[PDB]
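Novice: pasting the first bit of my complex, frame unchanged:
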Amino acid sequence: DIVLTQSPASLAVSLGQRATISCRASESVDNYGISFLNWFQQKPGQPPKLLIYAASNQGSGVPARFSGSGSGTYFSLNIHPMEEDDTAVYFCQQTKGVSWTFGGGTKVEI
């Protein structure tokens, strides 16, 4: 099974500052030009909603404050304009073959 681990564990909530979250995909590779990886957002007491899909495009009804970069193995998230309404847990999920799993969780709290 394709394992997926996240190097960060906890970040600090800072207004107008950069907060990166990276989840490695060393046991994976681009299949048909599009990155089989997504980004979610699970608020406390709320179901996980879609944040960024394919690691390059923006989801439906998602503000432009989030932007995913990287291709192939390494992937990062740009949350440069982070306000106080972005205190949730972001997960990763790869869709390469039958290996659908989730990360460990990267919450933010200062």
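Specialist: Perfect, thanks for sending it. Numbers count the residues shown, from 1 in each chain, chains lettered A, B, ... in the order given.
Novice: which residues does residue A:106 bridge with?
Specialist: For residue A:106, the beta-bridge partners are residue A:90 (DSSP bridges).
Novice: Disregarding residues adjacent in the polypeptide, which is nearest to residue A:94?
Specialist: residue A:37 (5.1 Å; Cβ to Cβ, 6 or more residues apart in numbering). C-beta here means a position set from N, CA and C on the backbone, and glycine is covered the same way.
Novice: same thing with residue A:77?
Specialist: Closest to residue A:77 by Cβ to Cβ, 6+ apart is residue A:21, at 4.7 Å.
Novice: again with residue A:83
Specialist: Nearest-residue entry for residue A:83: residue A:15, 6.8 Å, with adjacent residues in sequence omitted and distances by Cβ to Cβ, 6+ apart.
Novice: what's near enough to touch that neighbour?
Specialist: A:82-84 (Cβ atoms under 8 Å, 6 or more residues apart in numbering).
Novice: who wins for neighbours among those residues?
Specialist: Highest neighbour count within the contacts of residue A:15: residue A:82, with 20 neighbours (other Cβ atoms under 10 Å).
Novice: you'd agree it is up against residue A:13?
Specialist: Yes - between residue A:82 and residue A:13 a contact is recorded at 7.2 Å, counting by Cβ atoms under 8 Å.
Novice: Sequence for chain B below, add it please:
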Amino acid sequence: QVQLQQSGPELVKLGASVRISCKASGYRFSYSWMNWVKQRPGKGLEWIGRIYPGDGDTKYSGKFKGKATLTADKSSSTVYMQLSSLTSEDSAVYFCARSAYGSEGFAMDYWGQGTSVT
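Specialist: Adding chain B to the chains above:
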């Protein structure tokens, strides 16, 4: 708009089984997968298995292969998840996520309220 309804809270019993429904409507039913994630209280998400309406395939996460099954229903557009050998630590929140329209393969922000068994 695509409203995805679910069942209500139930009770957990040692050795019994439950059945969580997922009525999806708003788009083409038998064209996208119906995921079933498991959110433990305080822990992170966890995948169980996917099912495609049309009796095409039924995948699992390797651990939930013999503990849970997925049955489709193209008539009422509902998706069931019958568990087996329910234990004490198996009390969590089971959502119902719908896959994308093909190439992308992502959650289309169509999630249920969550049927937390207790």
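Novice: Chain B added, so what about the contacts of residue A:15 now?
Specialist: A:82-84 (Cβ atoms under 8 Å, 6 or more residues apart in numbering or on different chains).
Novice: Excluding sequence neighbours, find me the nearest residue to the most far-flung residue of chain B relative to its centre.
Specialist: Distance from the centre of chain B peaks at residue B:103, with 21.5 Å (Cα atoms, centre = their mean). Nearest non-adjacent residue to residue B:103, counting by Cβ to Cβ, 6 or more residues apart in numbering or on different chains: residue A:34, 6.5 Å away.
Novice: Test my guess that the one you found contacts residue A:71.
Specialist: No - counting by Cβ under 8 Å, residue A:34 sits too far from residue A:71 to count as a contact (9.7 Å).
Novice: Neighbour count: these two, which is higher?
Specialist: Shown here are residue A:34 and residue A:71; by other Cβ atoms under 10 Å in any protein chain shown, residue A:34 has more neighbours (17 against 14).
Novice: secondary structure element for that one?
Specialist: Per DSSP states H and E: residue A:34 is located in neither a helix nor a strand.
Novice: That one and residue A:53, how far apart?
Specialist: Distance, residue A:34 to residue A:53, by Cβ to Cβ, to the nearest Å: 10 Å.
Novice: Between these two, which contacts overlap?
Specialist: With Cβ under 8 Å, 6+ apart, residue A:34 and residue A:53 have common neighbours residue B:104.
Novice: now for chain C, put it on the one above:
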Amino acid sequence: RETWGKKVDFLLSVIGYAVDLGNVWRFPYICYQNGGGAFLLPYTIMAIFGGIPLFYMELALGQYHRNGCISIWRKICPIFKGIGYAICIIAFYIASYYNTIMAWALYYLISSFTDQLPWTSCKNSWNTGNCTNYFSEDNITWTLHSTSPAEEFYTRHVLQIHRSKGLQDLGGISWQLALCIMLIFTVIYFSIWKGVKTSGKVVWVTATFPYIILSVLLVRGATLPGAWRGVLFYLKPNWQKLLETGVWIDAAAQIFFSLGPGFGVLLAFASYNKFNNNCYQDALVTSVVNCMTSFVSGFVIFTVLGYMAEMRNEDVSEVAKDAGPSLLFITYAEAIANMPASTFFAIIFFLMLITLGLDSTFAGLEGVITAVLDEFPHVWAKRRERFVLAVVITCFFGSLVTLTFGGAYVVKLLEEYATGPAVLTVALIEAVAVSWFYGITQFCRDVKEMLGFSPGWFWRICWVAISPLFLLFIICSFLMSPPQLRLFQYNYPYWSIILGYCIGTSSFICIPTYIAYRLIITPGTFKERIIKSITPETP
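Specialist: One more chain to add, chain C, which I have set with the ones above:
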């Protein structure tokens, strides 16, 4: 009737030697692009006018002279020796763009091993957009901007054309096709290691099940619901688009690619393995069975097309908007996907297609391997190893740009320019040479003393006035009609025409190069040079 046994024996012997992948894949989509019905009659006209006499002439020349395709000019016209280099370059371009179809077929065969057919599945497998599993089996409205599951499979799995924005943007090389073409070239090199294949056991057994599989596929297509809408379009007169539309050039290209004359494949096979064994009838029965196989393939393709049109609720000629060599692996895919024994029939069809492609490739390389060994019988003929591997590596290096993600953009480009006008002008040059610069009466006396009977008056008047003028008119129609290439949601730019003209020039410029070079080695005025280059040589 009276000689049904001998007739069926000759039919078996020719279907074991004549049928190839060309008359099965190149003909259906070409006929569909020009419209069904309005292409069959011009096809037969072009055939009976300029494909049968050239076939018989090439066979007689190969049986009499007993030399390679380039070595014939060493005893007829030494000045016209560039035809050999032209044929070599034409075959090089072919093998550069012909191996792609075999690679796709072998990839389909490899992917057709699972229990669930990949053509009947579009549930986020590789890449699917606006899919429709059942055409009319679940009461679905086939709206616009909708693609079939087999179309999405061919577009996103066997070659990833989505990574390439067109011909001007060529990405990387797909390893799934490179590792396939490597094994293809490896199994091809092991079959031409020596070049002794006259009465092989493998051919007699591999030329049997193709017939029955074609028969059962035709039966399945005939008993398919809603398949009667393709038969009417395949047998429609359609005289309105046959006056000045430029249809005869496509029929000429098809009949020249399918029959064999114009590629050097008939001369290499007539140089040996046959010497006065019922001539003047073998070419006839070969052309007959080739035309019958081509007609059956076109009928099956148009039947499946009409079935898909009745299923999609659209016109028959509007199902495949601008599909080129992609019409095969879509219609046949949807045809196999609607059979009880889907996996078995699919693997059998893929195996017979692979064997047919291999047998067609072994015939094309034989026209170039044994040809150059006559002019150099002491450095390359005795070796038999350092040249076959060399030409294999050369053809592999040339067939590497077509393995790009935009492979369909290169195959469609090397389809109408690398073999369209070049084969036609080579055939015209060789025919006018053997007719005027060699003597029609000389060839008549030669075939008389060889066989024992003179050909009919229809063949003697053909090679002198009918065939040359008709081929010249075909070349004029080619030159006066600029091609208009257009693939799936893509328009070829203006430089594509210039690139195609340049490609169709290097395979023809060798003949004038040798003509100009021949007038320098021999000294004297132009008159003696011409009278020496025109007259043949003596052993």
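Novice: once more on the nearest residue to residue B:103, this time with chain C?
Specialist: In space, residue B:103 is closest to residue C:127, 4.3 Å off (Cβ to Cβ, 6+ apart).
Novice: How many residues are close by that neighbour?
Specialist: Neighbours of residue C:127 using other Cβ under 10 Å come to 21.
Novice: Show me the helices in chain A, by range?
Specialist: For chain A, no helices are identified by DSSP state H.
Novice: and it, which residues reach chain B?
Specialist: A:1, A:32, A:34, A:36, A:38, A:40, A:42, A:47-50, A:53-54, A:57, A:59-61, A:89, A:91, A:93, A:95, A:98, A:100-105 (Cβ under 8 Å from any Cβ of the partner chain).
Novice: Now list the buried members of these.
Specialist: In the residues of chain A next to chain B, burial by neighbour count holds for A:34, A:36, A:38, A:40, A:42, A:47-50, A:53-54, A:59, A:89, A:91, A:93, A:95, A:100-105, counting by 16 or more other Cβ atoms under 10 Å in any protein chain shown.
Novice: Could you find the closest non-adjacent residue to the residue in chain B that chain C sits nearest to?
Specialist: Taking Cβ to the nearest Cβ, chain C has its nearest neighbour within chain B at residue B:102, 3.4 Å off. Leaving aside its chain neighbours, residue B:102 sits nearest to residue C:128 (3.4 Å; criterion: Cβ to Cβ, 6+ apart).
Novice: that older thread, I figured the residue of chain B closest to chain C hits residue C:133, correct?
Specialist: No - with contacts defined as Cβ under 8 Å, residue B:102 does not count as touching residue C:133, sitting 11.8 Å away.
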